[PDB]
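> this one is an experimental structure. Sequence first:
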Amino acid sequence: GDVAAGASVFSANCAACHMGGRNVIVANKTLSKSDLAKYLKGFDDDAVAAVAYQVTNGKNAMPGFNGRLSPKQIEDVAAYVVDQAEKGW
Amino acid sequence: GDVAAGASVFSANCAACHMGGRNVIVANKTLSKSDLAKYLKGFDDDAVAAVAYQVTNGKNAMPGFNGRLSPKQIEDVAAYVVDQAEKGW
Amino acid sequence: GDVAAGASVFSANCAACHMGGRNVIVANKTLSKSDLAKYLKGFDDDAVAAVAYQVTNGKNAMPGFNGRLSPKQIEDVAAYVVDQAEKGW
Amino acid sequence: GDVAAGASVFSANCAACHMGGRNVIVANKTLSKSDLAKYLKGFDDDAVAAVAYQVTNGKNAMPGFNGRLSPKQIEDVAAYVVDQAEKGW
Amino acid sequence: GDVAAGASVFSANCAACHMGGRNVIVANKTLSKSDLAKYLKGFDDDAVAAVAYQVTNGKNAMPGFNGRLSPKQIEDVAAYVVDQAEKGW
Amino acid sequence: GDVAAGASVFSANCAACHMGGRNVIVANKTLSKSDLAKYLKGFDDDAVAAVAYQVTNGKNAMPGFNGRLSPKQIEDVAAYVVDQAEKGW
Amino acid sequence: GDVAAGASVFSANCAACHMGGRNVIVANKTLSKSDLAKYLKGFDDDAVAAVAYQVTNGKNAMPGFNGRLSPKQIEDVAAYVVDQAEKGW
Amino acid sequence: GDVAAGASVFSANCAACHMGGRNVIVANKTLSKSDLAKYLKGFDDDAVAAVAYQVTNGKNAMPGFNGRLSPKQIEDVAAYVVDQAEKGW
Amino acid sequence: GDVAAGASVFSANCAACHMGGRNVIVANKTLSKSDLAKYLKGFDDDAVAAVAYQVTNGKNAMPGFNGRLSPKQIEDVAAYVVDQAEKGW
Amino acid sequence: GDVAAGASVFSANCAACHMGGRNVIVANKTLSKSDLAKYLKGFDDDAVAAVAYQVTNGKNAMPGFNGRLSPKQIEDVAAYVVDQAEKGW
Amino acid sequence: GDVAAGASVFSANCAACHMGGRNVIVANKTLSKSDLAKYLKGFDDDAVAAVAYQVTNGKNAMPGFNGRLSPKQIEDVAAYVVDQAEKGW
Amino acid sequence: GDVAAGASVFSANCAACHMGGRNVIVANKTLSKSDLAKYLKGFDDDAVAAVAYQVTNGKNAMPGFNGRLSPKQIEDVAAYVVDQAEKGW
Amino acid sequence: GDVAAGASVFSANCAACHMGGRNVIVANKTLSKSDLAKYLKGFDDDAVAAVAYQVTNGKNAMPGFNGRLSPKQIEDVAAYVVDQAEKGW
Amino acid sequence: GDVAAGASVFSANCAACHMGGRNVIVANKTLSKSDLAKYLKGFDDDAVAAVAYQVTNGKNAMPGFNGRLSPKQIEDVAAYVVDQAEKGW
Amino acid sequence: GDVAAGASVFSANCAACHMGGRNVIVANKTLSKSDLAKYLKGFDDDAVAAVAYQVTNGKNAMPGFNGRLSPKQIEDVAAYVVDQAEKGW
Ligand code: HEC
Ligand code: HEC
Ligand code: HEC
Ligand code: HEC
Ligand code: HEC
Ligand code: HEC
Ligand code: HEC
Ligand code: HEC
Ligand code: HEC
Ligand code: HEC
Ligand code: HEC
Ligand code: HEC
Ligand code: HEC
Ligand code: HEC
């Protein structure tokens, strides 16, 4: 449910710009472990947390989802992202 | 207006899951003084504040209303909740 | 997520006949602990399981959701029902 | 009620492919005693049971109704089929 | 027809979560021989059967298709999956 | 599958004008052996083939399905028609 | 683009209450340098930042745009406000 | 096209009350040769014409289609009715 | 039903220009016995018929209802008009 | 209240066909003392009762209000009708 | 009009449970002469009246239409039912 | 079924004004044995009948359900009321 | 009628904020004798009048109904409130 | 303007119940000098004032217009009523 | 909230004729301090009160809002008007 629900959240909220784990706005900032490690702050420490944080506050071109998603929904989707990034989309 | 307006805010934004001060998602986390005291962080110190904080940031299954409601609207509704919880819905 | 997601499942699939935990078809077979204990087979052994089983296979007027819901969705909703029945809808 | 309710179940779930007791998909596998005896496994032993079993698990082009119908609904409709087949549709 | 029809069934019912033989929900449980062998029960004994069984009953986040698909449709799609997995999607 | 799948094809593509094996456009050109024998070219020689040919090229008011259906789908449905016509719809 | 895009953001999100740089809700809290200096916290230190902060978190009657706008969009619009306030709307 | 187009006209304009050639309003006034002969004026002289005339002017509960249908459309549908009535719907 | 149904027909189709039995288009051509007698052809022979005829064919500014209303509907409404005109609207 | 409330009842339920105390369906059966005396059964004996009875059971084209209105509402409106009829609408 | 209007009444009020003259609630209590004779009280004496009476008072699962329909409307629809049942829907 | 079905009838038709056996319109005329005995005519002879009679004809502010409910539905609900009143709601 | 009509007025105009005699806006100012006595001016002298006065002029967050309701409607509803408050909602 | 504007006010606000100077609710309380003298308090002393007062405060079934109309509007319409009553509507 | 809520009230109820603080009906009677001082009675003593009073009772062409707005809503909007008039709309 954690990861499995994150999938739902993802298609409904993230797939627009992160189809297939890519990045339709800023090309080189994708959701691949490689990039996630390179550009996400604190990704090596706590992957999920790092992602979750980003999702919550947004960044540059990327809006945050603080009001839109429940904390749970955010954990779930971050968890999904990490899990998907580990296998390679 | 403080409490009286909070009522408007409440029906329009909270009644969906907190009809009658209950909790349609997580049964045991209702808006009764009893529960509010038990589960809300800092409720005995500053009731309103505590509530307001929750509303602002959300929690688990409950989304936050940071972007959706104005700070005022949040104070107002929290104030309502407390007032209503004190008399017992 | 377990219980919290069950809530979603419930409104989308059960509220039609069990809005408020009642029973719009067969009056006396509601989702109150009292009734659940009285009429559900094995409720006193494993509440969730008992419920889940019912949901999966249906019973009399009540259709089963075997094909419609994923096992996970069924666990989740059953979990919700129990949790909600414990506090009293 | 047994047979009488099976009738309801039948129109709502079986008449699509078995209107008039025929077989719109596989011509020669109808619901006539003659055919039922010829192709249904164990029809001579326990007619109802045999039918019920088929309904529950499906077979080849025919889907099963395990999750969709309650066990009772299945008994009921099988009972109907047998009764109707005895009389000749 | 066996495999060829399974293809139809697949796009219509499975491609949503298994496009390209991947797994959009649970990353590491894909439809590659490698994974199918690793996680599917009895895959080495009877590939098709194993798959068919899964499809029929569902598993965890994956719903079953017992009522939705005819036994035949299930054989067909399982047959497709195996054939496609052998070649590598 | 041959005949059984033709059934699917039939409802999805032919039942509009041939529900019950009749002919809603040109009354007397139905799908009964009697008529099929009377009006279809080469029906006596190779029933299926004859039908299949018609389906592929269409005729007068009846459109052909050359591009719409795969050769297989056409064989299948023709096979169905013949089988159904032999038993009498 | 910084300032130029902020203009777009502004009409689409702020002009409703800050038409012409005024304040339709709270009269005396406008977007004129004079007022901005008087009431905005830290305006003399970093104008843009100060504004941006306000926009992000909202204040009293004014909602925040944390979830609605991307950080960039917020920088852009704040930049616009300052630039416009410097010349005098 | 005469008869074949009449079919289109028929479903679009007559099937509402004459589906299957019956009469949903006045039971015994159907479109069967038997009835058509019995109740339609001049049916044994010029079938089509008789029908066409009815369609044009309407009769009792049945509205006429003078303004709605083109003369051709009327000929066409009348022709269809006769042809269909001759074979027996 | 004759007169009583005519009432329905009347509001739905005639009241637009003949509310209260007046004539919103051509002032002096109302539905009062006085006028009806004066301007309607054959009103003193067969009131209903006269009216009915008008309704069917229309006249000058007034459209006819030949295709729109069934002959019965026309009889009914004409009957209503006469009955209402006799008492005086 | 008796008569005064009947007024409310009247506009809400009777004015549709009896606005101004007339009769839009059956012209000559109005609510004038003259007519009421002529056509209502027992009007001379107990005016109110007579009316009330009609209202309760309906008559020909006029539906009854047995289930729709409470006995009280019926008394009230009948009382109104009589009072209004006495003064002449 | 009698029968013809009953048709309107029927679709608007009865077709929901008696479309095609069947019985969607209680299978075996249809509107066929056969059944009507078997289960309706006094059907052999005065068909219409018998039906009308049922319609007026309802019976078991079937609600009555006393307040909803005018006596007239009830006569009309009963008349329709009988007429339709005589021919055979 | 008698009492058990009356429960269904009750929520669907009576709970609006008699939730919990109270009386939302006329305070002191509730459904408690105490009151029922005090105000219902003949309650002390045949409880059910007394109630049933009331339900059928209504009384003052309370509408009757003669046309709306079938006699069985009325018996059933009256039976429920009595049973519930004996037990104290 | 006095009290009984007040009930109608109440649901239509007061139940929005006083459902069940509570106070959805200002928690502690309910319609219980206890509170009514505590906060309503002159409640001990003339209950109805006191209430009626409030309803007419409104008070704080509660609007008055001077123009909306007739004096009568106001008496009626006040009378209801008192009667209901005496019994305890 | 005094009287002339009162006319506007009257059609817009009073004609609903006092068309033609009658009284659609309470028959015998019309706006004729005769009645006005008979039932209006102080009509003989200051006609206008008397009327105006009534309009302002309402009476029994008649609502007051205190908040709805400006004092002038009230003077104006009262003036109209008197003037019209003197002349006999 | 006082002023801030008045803003809401204003757009919803006053902007129609006082958009931008102007006066669409009577040109020279605007909501500018200048005019407010000139034409509003007692504006120099208690601005808010003066305004509030006007709003409550209306004046000439301007309707009053006595019944429509709660006293609180009236205070709020008056407060807004004054505040807005002080800075200059
Ligand atoms: C489109 C408008 C976006 C939506 C919807 C979401 N994201 Fe996004 N995301 C977007 C951009 C342009 C960027 C790069 C911003 C920058 O300057 O760094 C991002 C970045 C991410 C990242 C990090 C990727 C990396 O740095 O390599 C994550 C983890 C991320 N986005 C997650 C994410 C999720 C899960 C979303 C749904 C809730 C989501 N994004 C939506 C643009 C957009
Ligand atoms: C439904 C989707 C929700 C909406 C809308 C709001 N709340 Fe909620 N709230 C919800 C849940 C599931 C929970 C429990 C979450 C947890 O794990 O703790 C809450 C909790 C609260 C609480 C605290 C109750 C307690 O802990 O006993 C408060 C004070 C609260 N919610 C307030 C509140 C208000 C005022 C809302 C409207 C703006 C609101 N909630 C909406 C779910 C949802
Ligand atoms: C309406 C058509 C139904 C839907 C949708 C669901 N349920 Fe139901 N449920 C229904 C009936 C008529 C009955 C009684 C059947 C009988 O003869 O026993 C039930 C019963 C239950 C129960 C047990 C209640 C009890 O016995 O006291 C449970 C636990 C239950 N239903 C759960 C449930 C859930 C969670 C559903 C959604 C997935 C659901 N039901 C749907 C009718 C209907
Ligand atoms: C259409 C898609 C079907 C529905 C709906 C149901 N049945 Fe069916 N049924 C169908 C087929 C194609 C077949 C033959 C499959 C084969 O290869 O054997 C069947 C067979 C039966 C039979 C046995 C008939 C015989 O073998 O002579 C029974 C008893 C039967 N079906 C019952 C039945 C009932 C009661 C259904 C409703 C719940 C039902 N079928 C639905 C196709 C379809
Ligand atoms: C999305 C909601 C799903 C649909 C539609 C289908 N499948 Fe799926 N499938 C899904 C998940 C999340 C999983 C993993 C569940 C687990 O915990 O094991 C699966 C798994 C499979 C597998 C096995 C893959 C493996 O274990 O390596 C098979 C063979 C499979 N799914 C087949 C399949 C087919 C053919 C479907 C269409 C009828 C189908 N799935 C739909 C999620 C979903
Ligand atoms: C409606 C627009 C049609 C659709 C869809 C299909 N058919 Fe049809 N078919 C139609 C007509 C008007 C006719 C007669 C044309 C003529 O002038 O001969 C036909 C005829 C057939 C026949 C032969 C029947 C006979 O001659 O007795 C066959 C075998 C036939 N049609 C098959 C068929 C199938 C299987 C279709 C689905 C793929 C199909 N038709 C569709 C009109 C229409
Ligand atoms: C209307 C509902 C608002 C929208 C949309 C936005 N703002 Fe606003 N803003 C509003 C109010 C009522 C106030 C005053 C709140 C208080 O009590 O201080 C503000 C204030 C500002 C300010 C500061 C002005 C000052 O203090 O002098 C800024 C810089 C500001 N608002 C910016 C701003 C921008 C850029 C917006 C769009 C994204 C925006 N506001 C929207 C009310 C509302
Ligand atoms: C429903 C409102 C109707 C529509 C649409 C059409 N018809 Fe009809 N038709 C209807 C009725 C009630 C009757 C009987 C009227 C009477 O009192 O005689 C009819 C009759 C016919 C007939 C003659 C049947 C017979 O007398 O046995 C024909 C030939 C007929 N209708 C043709 C027809 C056609 C082709 C239509 C479409 C253009 C059509 N009807 C529409 C009611 C209705
Ligand atoms: C408005 C566009 C009309 C509708 C709708 C209907 N009628 Fe009419 N009607 C209209 C006009 C302008 C006239 C006068 C035309 C002329 O030059 O004579 C009429 C006339 C009648 C009459 C006769 C009145 C008289 O001559 O004194 C009748 C009997 C009549 N109209 C009936 C009638 C009915 C029943 C209608 C509904 C089906 C209907 N009219 C509609 C304009 C319009
Ligand atoms: C329209 C569909 C009607 C509604 C609404 C009501 N009434 Fe009616 N009423 C109507 C008709 C067609 C008739 C005549 C029926 C007949 O054949 O006798 C009536 C008659 C009355 C009468 C008697 C008038 C008389 O016979 O002179 C009364 C007293 C009456 N109607 C009262 C009445 C009231 C008070 C209604 C509201 C609750 C009401 N009617 C509604 C048609 C319709
Ligand atoms: C669905 C909720 C119904 C509506 C709408 C109407 N009827 Fe019905 N009807 C219904 C049922 C469940 C039954 C059987 C009740 C029993 O226990 O006997 C009936 C029965 C009839 C019958 C008699 C059929 C028979 O006994 O064989 C008639 C004549 C009948 N219904 C008529 C009828 C009409 C004309 C309606 C419209 C006004 C109508 N019914 C509506 C359920 C429902
Ligand atoms: C609300 C509009 C009502 C509905 C729905 C039903 N009842 Fe009622 N009931 C209502 C009132 C106002 C009264 C009192 C009327 C009077 O002046 O006596 C009643 C009374 C009863 C009673 C008797 C209670 C007593 O006298 O102590 C019974 C037994 C009763 N009502 C039963 C009942 C049932 C079973 C209903 C559903 C079918 C029902 N009522 C509906 C108002 C209303
Ligand atoms: C309908 C709901 C009403 C509206 C609108 C207005 N009036 Fe009325 N008015 C009405 C009633 C029921 C009564 C009688 C009340 C009673 O018990 O006395 C009245 C009375 C008057 C009168 C006095 C008539 C008389 O006593 O003979 C006057 C002068 C009067 N009404 C004036 C009046 C005006 C001018 C209105 C518009 C602003 C107005 N009424 C509206 C019912 C209704
Ligand atoms: C339009 C139909 C109006 C609405 C809506 C409101 N007002 Fe108005 N207002 C209107 C007019 C024509 C006038 C002048 C009347 C006169 O003869 O004096 C007014 C006046 C005011 C004023 C005083 C302005 C001045 O005298 O300079 C105020 C303070 C005022 N209006 C306030 C106001 C408010 C706050 C409203 C909303 C609740 C409101 N008006 C609505 C016309 C209309």
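Nice, thanks for sending it over. Residues are numbered from 1 along each chain as shown, chains lettered A, B, ... in the order given. Ligands and ions are numbered 1, 2, ... in the order given.
> next helix or strand past the strand or helix carrying residue A:18?
Using DSSP states H and E, residue A:18 sits in helix A:15-18. Next along the chain after helix A:15-18, taking DSSP H and E as the criterion, comes helix A:33-39.
> what does that next one rub up against?
For helix A:33-39, contacts defined as CB atoms under 8 Å, 6 or more residues apart in numbering or on different chains pick out A:28-30, A:43-44, A:47, A:50-51, A:85-86, A:88. Bear in mind the C-beta positions are built from the backbone N, C-alpha and C, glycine included.
> in the helix holding residue A:18, what counts as buried?
residue A:18 (16 or more other CB atoms under 10 Å in any protein chain shown).
> would you write a PyMOL line that selects the buried entries of the contacts of helix A:33-39?
One line in PyMOL is enough to select the buried members of the contacts of helix A:33-39, burial here meaning 16+ other CB under 10 Å:
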select buried, chain A and resi 29+30+43+47+50+51+85
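> tell me the one of the contacts of helix A:33-39 nearest residue A:20?
residue A:30 (9.1 Å; CB to CB).
> that closest one reaches residue A:23, doesn't it?
Yes. Between residue A:30 and residue A:23 a contact is recorded at 4.7 Å, counting by CB atoms under 8 Å.
> any common contacting residues for those two?
Shared contacts of residue A:30 and residue A:23 (CB under 8 Å, 6+ apart): none.
> does the helix holding residue A:18 come close to chain G?
No. With CB under 8 Å from any CB of the partner chain as the criterion, chain G is not reached by helix A:15-18; the gap is at least 10.7 Å.
> for the closest residue to ligand 6 within chain A, give its distance to chain N.
Nearest residue of chain A to ligand 6 (CB to the nearest ligand atom) works out as residue A:11 at 36.3 Å. Separation of residue A:11 from chain N (CB to the nearest CB, to the nearest Å): 54 Å.
> equivalent analysis for residue A:85, please.
Distance of residue A:85 to chain N, computed by CB to the nearest CB: 65 Å.
> give the contact list for residue A:7.
Residues in contact with residue A:7, defined by CB under 8 Å, 6+ apart, are A:80, E:24-25.
> same check, this time on residue A:78
Residue A:78 makes contact with A:6, A:48-49, A:51-52, A:55, according to CB under 8 Å, 6+ apart.
> so when I look at it, I'm seeing a strand, right?
No. Checked against DSSP: H, G, I helix; E, B strand; the rest coil, residue A:78 lies outside a strand; its state is helix.
> what about the residue of chain A found nearest ligand 11, how many residues nearby?
Across chain A, no residue is closer to ligand 11 than residue A:8, which sits at 38.6 Å (CB to the nearest ligand atom). Close neighbours of residue A:8, defined as other CB atoms under 10 Å in any protein chain shown, add up to 16.
> doesn't it fall inside a helix?
Yes. The assignment for residue A:8, made by three-state DSSP, places it in a helix.
> okay, now residue A:89: neighbour count?
Neighbourhood size, residue A:89 [other CB under 10 Å]: 18.
> and residue A:13, by the same measure?
As a burial measure, residue A:13 scores 16 neighbours (other CB under 10 Å).
> one more: residue A:59?
Using other CB under 10 Å, residue A:59 is surrounded by 17 other residues.
> run through the bridge partners of it.
Beta bridges link residue A:59 to residue A:62, judged by DSSP bridges.
> that one and residue G:75 touch, don't they?
No. Counting by CB under 8 Å, residue A:59 stays clear of residue G:75, with 11.5 Å between them.
> using CSV, write out every CA atom in stretch A:65-76.
Only the C-alpha atoms of stretch A:65-76 are listed here, as CSV (Å, rounded to 0.1, in the frame of the first residue of the first chain):
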residue,chain,number,x,y,z
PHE,A,65,2.3,19.6,-2.9
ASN,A,66,2.0,20.7,0.7
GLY,A,67,-1.6,21.6,0.6
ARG,A,68,-2.7,19.3,-2.1
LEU,A,69,-1.5,16.0,-0.8
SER,A,70,-1.8,14.5,2.7
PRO,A,71,1.5,13.8,4.4
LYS,A,72,0.7,10.1,3.9
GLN,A,73,0.1,10.5,0.2
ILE,A,74,3.5,12.2,0.1
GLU,A,75,5.3,9.4,2.0
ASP,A,76,3.6,6.9,-0.3
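> how far away from the center of its chain is that stretch?
Relative to its parent chain, stretch A:65-76 has a centroid offset of 11 Å by CA atoms, centre = their mean, to the nearest Å.
> sorry, back to before: mind checking which of the contacts of residue A:78 are buried?
For the contacts of residue A:78, a burial check counting by 16+ other CB under 10 Å picks out A:6, A:48, A:51-52, A:55.
> who in chain A is up against chain B?
Residues of chain A lying near chain B (CB under 8 Å from any CB): A:66-73.
> kindly recompute the last result at 7 Å.
A:66-67, A:69-72 (CB under 7 Å from any CB of the partner chain).
> residue A:8: what's it in contact with?
Shown in contact with residue A:8 (CB atoms under 7 Å, 6 or more residues apart in numbering or on different chains): no residues.
> against chain M, how distant is it?
35 Å.
> separation between residue A:77 and chain H?
Distance of residue A:77 to chain H, given as CB to the nearest CB: 50 Å.
> quick one, what contacts that residue?
Residues near residue A:77 by CB under 7 Å, 6+ apart: A:6, A:9-10, A:14, A:55.
> could I get those as JSON lines with distance to ligand 1?
Listed next are those as JSON lines, based on distance: CB to the nearest ligand atom, whole Å:
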{"residue": "A:6", "distance to ligand 1": "8"}
{"residue": "A:9", "distance to ligand 1": "7"}
{"residue": "A:10", "distance to ligand 1": "6"}
{"residue": "A:14", "distance to ligand 1": "3"}
{"residue": "A:55", "distance to ligand 1": "5"}
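> for the residues you listed, give me CSV that also has distance to chain C.
Conversion of the contacts of residue A:77 to CSV gives the following (distance: CB to the nearest CB, whole Å):
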residue, distance to chain C
A:6, 10
A:9, 11
A:10, 15
A:14, 18
A:55, 17
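> what is the burial count for the residue nearest to residue A:6 when sequence neighbours are not counted?
In space, and not counting its chain neighbours, residue A:6 is closest to residue A:80: 2.8 Å by CB to CB, 6 or more residues apart in numbering or on different chains. When neighbours are counted by other CB under 10 Å, residue A:80 registers 27.
> go on, residue A:22?
Neighbours of residue A:22 (other CB under 10 Å): 15.
> surely it meets residue A:30?
Yes. If you go by CB atoms under 7 Å, residue A:22 and residue A:30 touch, sitting 5.3 Å apart.
> residue in chain A nearest to chain C?
Minimum separation of chain A from chain C (CB to the nearest CB) falls at residue A:1, amounting to 4.2 Å.
> wait, isn't residue A:60 in contact with residue G:69?
No. Using CB under 7 Å, residue A:60 is not in contact with residue G:69; the gap is 11.6 Å.
> quick revisit: okay, the residue nearest to residue A:6 and residue A:73: tell me how far apart.
11 Å (CB to CB, to the nearest Å).
> re the thing from before, now list the buried members of the residues of chain A next to chain B.
Here, 16+ other CB under 10 Å leaves A:66-67, A:69-72 buried among these.
> out of those residues, which two sit at the greatest distance?
For these, the farthest-apart pair by CB to CB is A:67 and A:72; their separation is 14.3 Å.
> ok and the residue in chain A nearest ligand 3?
Nearest residue of chain A to ligand 3, counting by CB to the nearest ligand atom: residue A:1, 16.5 Å away.
> which parts of chain A sit against chain I?
Checking chain A against chain I by CB under 7 Å from any CB, there are no hits.
> pick out the residue in chain A sitting closest to ligand 2.
Counting by CB to the nearest ligand atom, chain A gets nearest to ligand 2 through residue A:70 (7.1 Å).
> ok, and the closest non-adjacent residue to that residue?
Nearest in space to residue A:70, with sequence neighbours left out and distances taken as CB to CB, 6+ apart, is residue B:63 at 4.2 Å.
> any idea how far that neighbour lies from chain I?
Separation of residue B:63 from chain I (CB to the nearest CB): 50 Å.
> could you measure from the residue in chain A that chain F sits nearest to over to residue A:2?
As assessed by CB to the nearest CB, chain F sits closest to residue A:11 within chain A, at 28.9 Å. Distance of residue A:11 to residue A:2, computed by CB to CB: 16 Å.
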